[PDB]
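**Student:** Provided herewith is a single structure, encoded as structure tokens, for subsequent inquiry.
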Amino acid sequence: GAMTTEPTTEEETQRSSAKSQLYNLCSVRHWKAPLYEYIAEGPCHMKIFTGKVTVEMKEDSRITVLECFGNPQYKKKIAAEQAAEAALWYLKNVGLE
């Protein structure tokens, strides 16, 4: 077998920002890691992006899926972070925390 020390990847965390906060939240609460996708439309000089994130959750006898997106888009990256921020808010309520 083999193993290696896991890197801090501090830079990646800081760049990810809200995206990593959502990941961390989901991990601790035993929720499915967040999945991201993008929709783009409009002129190349005026491209409008929508970032969307999905978080899947299970209960003792129920299942549910949370979907959020960065409605107030400015940039591709920003939209994804906004979607994560929305998910963070929703998940707080969903988990009754």
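FYI, nothing fancy with the structure tokens labels: chains A, B, ... in order, residues from 1 per chain, ligands from 1 as they appear.
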Can you list, as a PyMOL selection string, all residues belonging to segment 9-85 of chain A that DSSP tags as alpha helix (DSSP H)?
**Tutor:** chain A and resi 10-16+18-28+76-85
**Student:** Keeping only N, CA, C and O atoms, take the residues you just selected and write them out as an mmCIF file, in the first residue's frame.
**Tutor:**
```cif
data_model
loop_
_atom_site.group_PDB
_atom_site.id
_atom_site.type_symbol
_atom_site.label_atom_id
_atom_site.label_comp_id
_atom_site.auth_asym_id
_atom_site.auth_seq_id
_atom_site.Cartn_x
_atom_site.Cartn_y
_atom_site.Cartn_z
ATOM 1 N N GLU A 10 -4.318 25.857 1.330
ATOM 2 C CA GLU A 10 -4.894 27.067 1.907
ATOM 3 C C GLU A 10 -5.361 28.017 0.811
ATOM 4 O O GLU A 10 -6.434 28.608 0.911
ATOM 5 N N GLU A 11 -4.550 28.169 -0.230
ATOM 6 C CA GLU A 11 -4.892 29.078 -1.318
ATOM 7 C C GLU A 11 -6.208 28.670 -1.968
ATOM 8 O O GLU A 11 -7.074 29.508 -2.216
ATOM 9 N N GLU A 12 -6.362 27.376 -2.225
ATOM 10 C CA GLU A 12 -7.559 26.882 -2.891
ATOM 11 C C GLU A 12 -8.797 27.150 -2.039
ATOM 12 O O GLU A 12 -9.864 27.468 -2.562
ATOM 13 N N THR A 13 -8.647 27.004 -0.728
ATOM 14 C CA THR A 13 -9.741 27.277 0.196
ATOM 15 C C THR A 13 -10.150 28.744 0.140
ATOM 16 O O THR A 13 -11.336 29.061 0.065
ATOM 17 N N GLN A 14 -9.168 29.637 0.184
ATOM 18 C CA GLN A 14 -9.457 31.065 0.175
ATOM 19 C C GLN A 14 -10.104 31.479 -1.141
ATOM 20 O O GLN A 14 -11.028 32.294 -1.159
ATOM 21 N N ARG A 15 -9.623 30.907 -2.241
ATOM 22 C CA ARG A 15 -10.188 31.207 -3.550
ATOM 23 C C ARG A 15 -11.613 30.669 -3.660
ATOM 24 O O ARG A 15 -12.492 31.314 -4.234
ATOM 25 N N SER A 16 -11.827 29.485 -3.096
ATOM 26 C CA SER A 16 -13.145 28.861 -3.114
ATOM 27 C C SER A 16 -14.138 29.657 -2.274
ATOM 28 O O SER A 16 -15.295 29.819 -2.658
ATOM 29 N N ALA A 18 -16.955 30.874 -0.246
ATOM 30 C CA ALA A 18 -18.246 30.317 0.139
ATOM 31 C C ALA A 18 -18.384 28.873 -0.330
ATOM 32 O O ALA A 18 -19.064 28.065 0.304
ATOM 33 N N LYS A 19 -17.749 28.558 -1.451
ATOM 34 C CA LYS A 19 -17.840 27.221 -2.022
ATOM 35 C C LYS A 19 -17.268 26.183 -1.060
ATOM 36 O O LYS A 19 -17.769 25.060 -0.980
ATOM 37 N N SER A 20 -16.221 26.560 -0.329
ATOM 38 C CA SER A 20 -15.581 25.631 0.596
ATOM 39 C C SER A 20 -16.329 25.589 1.921
ATOM 40 O O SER A 20 -16.307 24.580 2.626
ATOM 41 N N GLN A 21 -16.987 26.694 2.263
ATOM 42 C CA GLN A 21 -17.825 26.722 3.455
ATOM 43 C C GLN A 21 -19.003 25.768 3.295
ATOM 44 O O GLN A 21 -19.382 25.076 4.238
ATOM 45 N N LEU A 22 -19.568 25.727 2.095
ATOM 46 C CA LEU A 22 -20.662 24.803 1.817
ATOM 47 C C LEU A 22 -20.180 23.357 1.868
ATOM 48 O O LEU A 22 -20.825 22.498 2.468
ATOM 49 N N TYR A 23 -19.039 23.099 1.238
ATOM 50 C CA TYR A 23 -18.445 21.769 1.273
ATOM 51 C C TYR A 23 -18.238 21.307 2.709
ATOM 52 O O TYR A 23 -18.613 20.195 3.076
ATOM 53 N N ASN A 24 -17.635 22.169 3.519
ATOM 54 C CA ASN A 24 -17.341 21.823 4.904
ATOM 55 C C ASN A 24 -18.628 21.541 5.672
ATOM 56 O O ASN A 24 -18.727 20.548 6.395
ATOM 57 N N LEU A 25 -19.608 22.425 5.519
ATOM 58 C CA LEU A 25 -20.892 22.244 6.182
ATOM 59 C C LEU A 25 -21.489 20.887 5.828
ATOM 60 O O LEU A 25 -21.901 20.132 6.710
ATOM 61 N N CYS A 26 -21.534 20.583 4.537
ATOM 62 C CA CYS A 26 -22.159 19.347 4.081
ATOM 63 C C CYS A 26 -21.421 18.135 4.644
ATOM 64 O O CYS A 26 -22.039 17.159 5.064
ATOM 65 N N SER A 27 -20.092 18.204 4.646
ATOM 66 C CA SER A 27 -19.278 17.084 5.103
ATOM 67 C C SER A 27 -19.598 16.744 6.557
ATOM 68 O O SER A 27 -19.799 15.580 6.904
ATOM 69 N N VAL A 28 -19.645 17.770 7.400
ATOM 70 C CA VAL A 28 -19.844 17.565 8.832
ATOM 71 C C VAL A 28 -21.223 16.973 9.104
ATOM 72 O O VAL A 28 -21.383 16.116 9.974
ATOM 73 N N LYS A 76 -18.837 34.912 -13.547
ATOM 74 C CA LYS A 76 -19.002 33.467 -13.445
ATOM 75 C C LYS A 76 -18.640 32.968 -12.045
ATOM 76 O O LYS A 76 -19.430 32.276 -11.402
ATOM 77 N N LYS A 77 -17.439 33.315 -11.583
ATOM 78 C CA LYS A 77 -16.969 32.850 -10.280
ATOM 79 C C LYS A 77 -17.883 33.351 -9.165
ATOM 80 O O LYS A 77 -18.264 32.595 -8.270
ATOM 81 N N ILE A 78 -18.241 34.626 -9.239
ATOM 82 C CA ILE A 78 -19.046 35.252 -8.197
ATOM 83 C C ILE A 78 -20.386 34.547 -8.069
ATOM 84 O O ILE A 78 -20.865 34.302 -6.968
ATOM 85 N N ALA A 79 -20.995 34.249 -9.206
ATOM 86 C CA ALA A 79 -22.299 33.607 -9.225
ATOM 87 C C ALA A 79 -22.256 32.278 -8.486
ATOM 88 O O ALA A 79 -23.179 31.945 -7.741
ATOM 89 N N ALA A 80 -21.184 31.527 -8.680
ATOM 90 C CA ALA A 80 -21.053 30.246 -8.004
ATOM 91 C C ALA A 80 -20.974 30.449 -6.495
ATOM 92 O O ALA A 80 -21.611 29.728 -5.727
ATOM 93 N N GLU A 81 -20.192 31.441 -6.075
ATOM 94 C CA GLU A 81 -20.068 31.750 -4.655
ATOM 95 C C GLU A 81 -21.405 32.193 -4.067
ATOM 96 O O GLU A 81 -21.744 31.829 -2.946
ATOM 97 N N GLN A 82 -22.149 32.998 -4.820
ATOM 98 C CA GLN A 82 -23.476 33.422 -4.380
ATOM 99 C C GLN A 82 -24.420 32.232 -4.230
ATOM 100 O O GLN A 82 -25.204 32.168 -3.282
ATOM 101 N N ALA A 83 -24.342 31.290 -5.167
ATOM 102 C CA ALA A 83 -25.154 30.084 -5.082
ATOM 103 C C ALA A 83 -24.828 29.299 -3.815
ATOM 104 O O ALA A 83 -25.723 28.780 -3.146
ATOM 105 N N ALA A 84 -23.542 29.226 -3.487
ATOM 106 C CA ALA A 84 -23.099 28.538 -2.276
ATOM 107 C C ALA A 84 -23.630 29.241 -1.030
ATOM 108 O O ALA A 84 -24.073 28.595 -0.079
ATOM 109 N N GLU A 85 -23.568 30.565 -1.040
ATOM 110 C CA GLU A 85 -24.048 31.361 0.081
ATOM 111 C C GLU A 85 -25.535 31.123 0.301
ATOM 112 O O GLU A 85 -25.995 31.015 1.439
#
```
**Student:** Fewer than 5 positions away in the same chain doesn't count, so skip those; otherwise give me all residues within 10 Å of residue 58 of chain A, counting only C-alpha atoms, as a compact mmCIF listing (two decimals) with N, CA, C and O atoms, in the first residue's frame.
**Tutor:**
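Here's the written file selection10.txt:
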```txt
# COMPACT_ATOMS: atom_id res chain seq x y z
N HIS A 30 -22.92 15.15 7.20
CA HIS A 30 -23.12 13.90 6.46
C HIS A 30 -24.06 14.12 5.28
O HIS A 30 -24.85 13.24 4.94
N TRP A 31 -23.96 15.29 4.66
CA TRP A 31 -24.69 15.57 3.43
C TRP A 31 -23.79 15.36 2.22
O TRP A 31 -22.56 15.42 2.33
N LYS A 32 -24.40 15.10 1.07
CA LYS A 32 -23.65 14.91 -0.16
C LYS A 32 -22.89 16.18 -0.50
O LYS A 32 -23.42 17.29 -0.40
N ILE A 63 -36.26 11.73 1.69
CA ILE A 63 -35.16 12.31 0.95
C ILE A 63 -35.54 13.68 0.41
O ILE A 63 -36.72 13.95 0.16
N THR A 64 -34.55 14.54 0.22
CA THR A 64 -34.80 15.87 -0.32
C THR A 64 -33.56 16.40 -1.04
O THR A 64 -32.43 16.01 -0.73
N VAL A 65 -33.77 17.31 -1.99
CA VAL A 65 -32.66 17.94 -2.69
C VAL A 65 -32.77 19.46 -2.61
O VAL A 65 -33.84 20.02 -2.84
```
**Student:** Pick out the closest residue to residue 67 of chain A from this set: A:54, A:9, A:4, A:93. Count only C-alpha atoms.
**Tutor:** A:54
**Student:** Here is a test: counting only C-alpha atoms, which residue of A:40, A:29, A:45, A:75 is nearest to residue 92 of chain A?
**Tutor:**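 Closest to residue 92 of chain A of all the choices is A:29.
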**Student:** If you run DSSP on the backbone here, which positions in segment 14-66 of chain A get strand (DSSP E or B)? Please write them as number ranges by chain.
**Tutor:** A: 35-41, 48-58, 63-66
